[PDB]
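The data below hold one chain only, encoded as structure tokens and taken in the form deposited in one PDB entry.
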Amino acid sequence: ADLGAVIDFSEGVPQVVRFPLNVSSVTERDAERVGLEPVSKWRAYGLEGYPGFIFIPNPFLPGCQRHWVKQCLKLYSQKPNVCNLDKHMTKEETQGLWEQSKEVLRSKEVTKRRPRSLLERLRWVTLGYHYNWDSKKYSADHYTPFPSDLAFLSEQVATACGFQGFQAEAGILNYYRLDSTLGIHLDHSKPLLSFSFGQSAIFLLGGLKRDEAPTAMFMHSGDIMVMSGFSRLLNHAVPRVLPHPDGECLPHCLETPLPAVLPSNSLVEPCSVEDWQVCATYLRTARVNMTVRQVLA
């Protein structure tokens, strides 16, 4: 029995299957409010043998991925949050993250023989309920507000996947660079939502039989994985970043600018030229992941 090829959901291996989305559960205007295409235009796939596994290739409107990258790099990394930098940086010091990256970016010396910027040292950010790894339950403290626009995005994707009533309550944002270390880390009826932006990576989905080789698949910028039940047990972080293709610094979906006119109720905001320079420079060698979970009931 041979080793399968890497599945590319964007074009020896378990059978790929269309997943039917509840296309009338999210209005066309609401999907655009957070930068998503209308659900009817989305593709979604399952895998035979893996109930609870959903894969949604890049369902984002052109240029709207930029809004979600900038939120992860520039806004969600700011207090109030819990952060890997809190080990060494004071809360006041972390407030200078964005201006520092712009300073590194404006320098004419291009070199890695220098201190790493805070953005380059960013590895994880948690929002909402804090998950205490010792206790292996959620904590009563280290609580930070869950950003509402990410909750609106999470709730819509969960609804279209058949999980109406889902509440975004615990988020973790992971930042992986080419030099990231390759480490590895209740009820699971409710889904967790996993978003990817930037460079590509390979998700290894655990074998069904014991000692079986995992099923491989590409995570492209904008891809969303919805996982619950049997398949939520199989979710894990992907710290390995694939280097960008020869000649192509960023995927084409990250090279489309945002619309000039957005709606006036939209949560997608404009992204300035200098702000996108920081995102584009960073994402040249990085992938950002967003994981959203429900906590209460």
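Just so we're on the same page, rigid core means the largest C-alpha set that superposes within 1.5 Å between forms. When you see a residue number, it is the position in the sequence shown, counting from 1.
A second form of this protein, the form deposited in another entry, is not displayed here; the remarks below concern that form.
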| item | value |
| --- | --- |
| Displaced residue between the shown form and the other one, judged on C-alpha after the rigid core is fitted, out of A44, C271, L262, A237 (threshold 2 Å or more) | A237 |
| Yes/no, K137 Cα shift of 2 Å or more between the shown form and the other one with rigid core fixed | yes |
| Core superposition between the shown form and the other one, C-alpha change of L208 at least 2 Å | yes |
| Did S180 shift 2 Å or more between the shown form and the other one, C-alpha, core superposed | yes |
| Direction of C-alpha distance change in the other entry, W133 to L122 (at least 3 Å) | closer |
| Comparison of CA distance in the other entry with shown form for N84, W133, at least 3 Å | closer |
